[PDB]
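What follows is one chain in structure tokens, specifically the form deposited in one PDB entry.
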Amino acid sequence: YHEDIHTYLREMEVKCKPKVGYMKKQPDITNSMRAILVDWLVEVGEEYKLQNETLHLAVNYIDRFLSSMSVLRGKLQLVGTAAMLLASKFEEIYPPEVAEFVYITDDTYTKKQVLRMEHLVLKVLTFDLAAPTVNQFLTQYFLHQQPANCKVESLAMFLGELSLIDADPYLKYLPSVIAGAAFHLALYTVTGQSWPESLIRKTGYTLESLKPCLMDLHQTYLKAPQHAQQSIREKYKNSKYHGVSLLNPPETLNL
């Protein structure tokens, strides 16, 4: 089903895509605030040892929610908390209990607020939670490695996660394209190989077609130490991810 599934997710990523310009229509919140939020979620994912997939889902849910609902900045973390809780229920074998989510907001919100927001998010998203993620495309692409290299896999995973932080520019790119740009950049950084032939056949993406997203993600990788948000860097220093964030980015790509 590997091809059937791939085709279906390519279709779904278009339907599940958040509104590109949405933060411009939000009067009280900004891209900088969303960055703070997504970074905190990375921390949450680490404290509770959540799957990377869960974090990607939570971010999709938040972007889609904010595409249709105006939110004041004091309630932004409430949206994020509810989204992470929903993503956990969907994806995790053992999701954290609700009380654990209330604890991590440092008691800004009550447990009743968190649960009421969970329901609001479900209503706004009309229960459409099985969304395609960067992580989902990446796991598929990793199968086209020869040989498999867990330094590459971890660094693509790292770069895919960095894209979640910055709505500008990454809202305009599909999960499949971001996953494409991340895999090429990780492959090149570690080994010196490029976007494989077999993956073009699979995806229809060429290195030229991935270029605009590759240019952005290349820049994002080079300036990642100076980003206000550092949780993803700190996470990917651990031996769990083979310390991929401590690597030096390529100065160029020669594209």
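Residue numbers here begin at 1 and follow the sequence given. Think of the rigid core as the biggest set of C-alphas that the two forms share within 1.5 Å after superposition.
*Asks:* Determine, for 176-184 and 89-97, which one has C-alphas that on average lie farther from this form in 9 other deposited structures of this protein; superpose on the rigid core first.
*Replies:* So, of the two stretches, the farther one in 9 other deposited structures of this protein is 89-97.
*Asks:* Following superposition on the rigid core, is the mean squared CA displacement, expressed as RMS, greater for 131-139 or for 144-152 in 9 other deposited structures of this protein?
*Replies:* Checking 131-139 against 144-152 in 9 other deposited structures of this protein, I find the farther stretch is 144-152.
Quick note: we don't show the form deposited with a partner chain bound, though the next part is all about it.
*Asks:* Tell me, yes or no, whether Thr108 is in contact with its partner chain in the bound PDB entry, where a contact means a heavy atom of each within 4.5 Å.
*Replies:* Because a heavy atom of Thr108 falls inside 4.5 Å of its partner chain in the bound PDB entry, the answer is yes.
*Asks:* Does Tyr221 reach its partner chain in the bound PDB entry if we count a contact as any heavy atom within 4.5 Å?
*Replies:* Because no heavy atom of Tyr221 falls inside 4.5 Å of its partner chain in the bound PDB entry, the answer is no.
*Asks:* Determine whether any heavy atom of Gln77 comes within 4.5 Å of a heavy atom of its partner chain in the bound PDB entry, and answer yes or no.
*Replies:* Yes, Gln77 is a contact residue.
*Asks:* Whether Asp216 contacts its partner chain in the bound PDB entry should be assessed with a 4.5 Å heavy atom distance threshold; does it?
*Replies:* No, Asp216 sits far enough from its partner chain in the bound PDB entry that none of its heavy atoms falls within 4.5 Å.
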